[PDB]
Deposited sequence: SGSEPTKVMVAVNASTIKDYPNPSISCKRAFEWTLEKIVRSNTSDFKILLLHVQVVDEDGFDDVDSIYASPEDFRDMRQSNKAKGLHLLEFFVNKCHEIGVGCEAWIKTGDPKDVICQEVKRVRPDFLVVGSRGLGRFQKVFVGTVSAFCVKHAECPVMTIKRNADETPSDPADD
């Protein structure tokens, strides 16, 4: 079973807990075009890298995981096996550290196509890397978003 690591992160423009447009597209494309209906031939490894006094009812209302849950649901829905977890530190380094630890067959990263993370992975990950850029119609006017 081909182990596909998918680096997933939060959106900075879409409200929380939405995944970034880039990693969502990358994830969905991978399921559409790579996994297809062959759901037992692949295993998705979802990695997200992450960087008390109460005085009124209001303070209780005010009071990474929900991201992972979005993708785990997507996998469950079409029946692909997955494992999802969080590690801490600099995302591009940690992704690479996790590639050498987990040894997935390849790494999927979205990319905003700005020329940080996706470029470093391609350069340094110790497995093949699939870089997926956003569709034109879902690319924000400012590509950095």
item	value
Missing stretches, numbered from 1 on the deposited chain sequence and kept in order	1-4, 56-65, 78-84, 137-144, 175
